[PDB]
Asks: 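Sharing a structure below in structure tokens format, with a few things to ask.
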Number of protein chains: 2
Amino acid sequence: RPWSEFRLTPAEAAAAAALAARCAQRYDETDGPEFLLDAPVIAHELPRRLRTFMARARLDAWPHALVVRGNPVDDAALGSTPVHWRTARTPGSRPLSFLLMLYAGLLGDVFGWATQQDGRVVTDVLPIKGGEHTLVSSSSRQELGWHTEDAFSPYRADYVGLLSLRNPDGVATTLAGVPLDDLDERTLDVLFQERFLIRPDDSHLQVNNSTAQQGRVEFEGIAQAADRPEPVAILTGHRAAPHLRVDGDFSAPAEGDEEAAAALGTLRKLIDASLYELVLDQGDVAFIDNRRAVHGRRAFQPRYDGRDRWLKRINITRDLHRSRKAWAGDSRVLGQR
Amino acid sequence: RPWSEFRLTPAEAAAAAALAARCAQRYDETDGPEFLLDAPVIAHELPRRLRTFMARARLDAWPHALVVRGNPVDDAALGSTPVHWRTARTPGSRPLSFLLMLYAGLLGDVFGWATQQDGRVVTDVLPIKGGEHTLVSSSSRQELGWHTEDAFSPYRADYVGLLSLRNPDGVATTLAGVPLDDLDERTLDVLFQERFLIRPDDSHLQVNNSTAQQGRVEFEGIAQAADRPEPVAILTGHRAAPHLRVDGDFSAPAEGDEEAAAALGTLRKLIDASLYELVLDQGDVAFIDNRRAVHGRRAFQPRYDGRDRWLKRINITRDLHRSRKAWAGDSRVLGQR
Ligand SMILES: NC(=[NH2+])NCCC[C@H](N)C(=O)O
Ligand SMILES: NC(=[NH2+])NCCC[C@H](N)C(=O)O
Ligand SMILES: O=C(O)CCC(=O)O[O-]
Ligand SMILES: O=C(O)CCC(=O)O[O-]
Ligand SMILES: [Fe+2]
Ligand SMILES: [Fe+2]
């Protein structure tokens with residue numbers, strides 16, 4: 001398979017769960033300054049085989065994601081799936097939020113966005129009634145199209161972590177790598193050139209944040225990125241293993257550039273054709289390599305009966321200092337005027 | 001002080017030394033594939049207070065370096081300072097080489113250069129007889145001028161680790177940050193523009209590697225960088241806390257660009273004026289932030305009596321994948337055609 005996979009033994013999973021539960025006892029919140037600082041060191045106490053996997057798999061050249069299977073989740077303890085991300089920090093989900101951050105700490109520095117889900121670091125992916133046909137994570141009936149997370153931003157995550165709290169109907173996350181076996185060298189050349197526009201996605205809009213947050217200055221920066229996007233490349237780095245920056249619904253060619261458009265058009269077709277499925281069953285965690293792969297989510301019919309699919313999510317950078325220009329008073333919540 | 005400092009307790013230092021000694025027993029070499037992979041996980045067994053320091057201090061906004069004092073070194077066990085880096089992997093220095101790599105593993109991914117000290121990851125800084133007045137690390141009588149490590153390369157280290165095996169006469173390492181208190185905004189603007197040339201330093205030349213290594217294709221890339229340097233910026237990122245890329249002896253303005261030259265001239269003067277000293281006593285380890293600070297070494301009179309100043313050195317990147325274009329058959333030894 002095109003991702004790297006690790007299955008916790010029941011004992012290893014229990015030990016990891018126990019560690020997260022201890023953290024949940026000792027800290028007030030996952031996004032508090034204290035746990036943000038301590039989590040990377042506390043993570044050193046996770047099962048050694050898992051730490052070895054995370055240290056090695058991160059350095060392999062090929063995988064689109066690192067997938068860890070077998071974290072126990074008790075639906076009775078977890079409670080009902082929240083109706084909105086706003087109210088999704090439920091006591092039942094609290095230990096698993098801590099668990100996700102512990103795993104994340106092995107791969108890098110976690111962070112959030114001032115303009116997304118009220119500046120939370122641990123965020124939620126769940127269907128919101130009335131928002132089935134939107135372009136955001138809370139959609140359902142409309143497929144979430146493939147994308148690089150926060151493609152518009154130079155400070156976008158290196159890895160995106162997704163922990164499945166529940167997924168009773170096995171709804172697939174989608175993935176695709178760079179279609180290197182089919183991109184001709186001229187098209188490739190053009191994709192490496194700064195000839196494309198990527199605008200911020202709808203999750204960064206004021207309407208998709210709580211009314212209280214609407215005043216934030218960081219929404220100014222989002223508006224600038226939407227109104228006056230600077231041309232950037234889709235592919236960067238090594239021609240034989242390029243890094244990818246694209247969003248199927250928020251990318252465009254530079255104005256009037258038909259050669260760039262043709263390259264983007266070809267890329268779309270090749271990515272659509274090579275898109276594959278990864279089902280995150282309850283307790284599965286994936287860390288998607290946001291430079292090697294784009295990802296999305298298959299269309300599904302939401303339940304709204306309290307047992308909808310529900311993920312916890314977190315952004316990870318290999319280097320927090322790369323985004324210091326966007327440190328919005330805090331280094332862990334990013335945005336700009 | 002402008003760096004972050006940690007002093008090991010005798011017990012902590014002994015525990016760290018013991019761990020490195022165990023590694024030296026169990027692995028054949030520091031640069032072998034096995035220890036390179038395992039070191040970051042083995043480092044989780046270092047004293048917890050040190051791990052906390054390394055995790056937190058790396059994320060602070062201000063320090064030019066992370067300095068760890070108090071690693072014991074026994075000169076009798078260490079043996080005489082080698083006459084050349086070639087023969088510097090002495091049994092007496094072996095545990096301390098492992099120790100350096102363990103500390104390095106807490107901060108990132110270590111790597112070396114195909115074109116420097118025969119592609120070694122752990123390298124040596126010691127005076128070489130006949131080479132006192134050179135621009136390389138083995139100089140002495142001539143001051144090693146301030147520089148960003150491997151400034152010419154986009155794959156240059158994020159952190160440079162220096163472990164002092166001996167330094168009986170307290171020879172100072174030099175450091176300077178961006179002179180933000182004195183750079184006017186016009187000069188600053190120009191330094192942020194791609195109007196400067198940075199060429200590879202002499203340590204990357206064939207003459208400063210073993211005759212056997214002379215055939216390496218990676219020297220081709222060095223020659224290209226020396227002959228046809230592409231214009232780059234000196235300052236990048238946040239205007240209020242810029243990252244720095246400059247080498248006092250290998251930087252130049254773009255051809256005929258007198259405004260760029262004036263900005264570089266001003267920068268030189270301000271850096272010379274703000275340069276300060278850090279003395280790495282025997283057993284001290286510094287991890288210099290290669291983006292916030294330039295560094296060098298004061299002129300000193302070499303002894304050549306077997307007790308010359310001697311450091312082990314290692315390059316660290318926050319993300320090995322950023323250099324995949326330069327993975328010279330191995331991800332840990334960098335270079336290009
Ligand atoms: N093509 C897209 N739908 N892009 C936006 C992806 C979803 C976005 N990351 C969110 O949290 O809502
Ligand atoms: N300005 C300079 N002297 N630059 C080169 C610095 C020394 C170089 N890093 C070496 O290992 O030899
Ligand atoms: O629901 C999923 O599996 C993915 C959600 C997502 O890509 O959010 O940006
Ligand atoms: O000798 C020192 O302290 C520094 C050596 C160095 O900057 O090597 O590039
Ligand atoms: Fe996404
Ligand atoms: Fe140096």
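Heavy atoms only: backbone and side chains are in, while hydrogens, waters and symmetry mates are out. Below, chains carry the letters A, B, ... as their sequence lines are ordered, and counting in each starts from 1.
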Asks: Heavy-atom cut-off 4.5 Å, strictly under: side chain, backbone, both or neither for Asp289(A) against chain B?
Replies: neither
Asks: Counting only heavy atoms not in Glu230(A) (residues, nucleotides, ligands), do more than 12 fall under 6.0 Å from its CD?
Replies: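 No, the 6.0 Å shell around CD holds no more than 12 heavy atoms from other groups.
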Asks: I need the residue from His44(B), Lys325(B), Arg322(B) with the largest number of non-hydrogen atom pairs under 4.5 Å to chain A.
Replies: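 Highest number of heavy-atom pairs under 4.5 Å: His44(B).
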Asks: Any ion pair linking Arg291(B) and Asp319(A) (charged N to carboxylate O, less than 4.0 Å)?
Replies: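 Yes, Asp319(A) and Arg291(B) are salt-bridged.
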Asks: In terms of heavy-atom pairs under 4.5 Å with chain A, which of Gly237(B), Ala55(B), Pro154(B), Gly108(B) leads?
Replies: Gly237(B)
Asks: Taking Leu59(B), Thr236(B), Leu106(B) one by one, which has the highest count of heavy-atom pairs under 4.5 Å against chain A?
Replies: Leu59(B)
Asks: Which one, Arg48(A), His243(A), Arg56(A), leads in non-hydrogen pairs under 4.5 Å with chain B?
Replies: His243(A)
Asks: Does atom CG (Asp184(A)) have a neighbourhood of more than 12 heavy atoms from anything else shown, all under 6.0 Å?
Replies: yes
Asks: Below 4.5 Å from any heavy atom of chain B, which atoms of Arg239(A) appear? Answer side chain, backbone, both or neither.
Replies: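 For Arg239(A), neither part sits under 4.5 Å from chain B.
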Asks: Heavy-atom pairs under 4.5 Å with chain B - which of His238(A), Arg51(A), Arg292(A) has more of them than the others?
Replies: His238(A)
Asks: Report which part of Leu320(B) has an atom under 4.5 Å of a heavy atom belonging to chain A: side chain, backbone, both, or neither.
Replies: side chain
Asks: If you count every heavy atom of other residues, nucleotides or ligands that lies below 6.0 Å from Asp181(B) atom CG, does the total exceed 12?
Replies: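 Not more than 12 within 6.0 Å, no.
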Asks: Looking at chain B, which one of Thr52(A), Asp109(A), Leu37(A) has the largest number of heavy-atom pairs inside 4.5 Å, strictly under?
Replies: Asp109(A)
Asks: Counting only non-hydrogen atoms closer than 4.5 Å, does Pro242(B) touch chain A with its backbone (N, CA, C, O), its side chain (CB onward), both, or neither?
Replies: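 Backbone of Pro242(B) only, per the 4.5 Å heavy-atom cut-off to chain A.
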Asks: Please answer whether the main-chain N or O of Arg58(A) pairs with a side-chain N or O of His321(B) as donor and acceptor at a distance below 3.5 Å.
Replies: yes
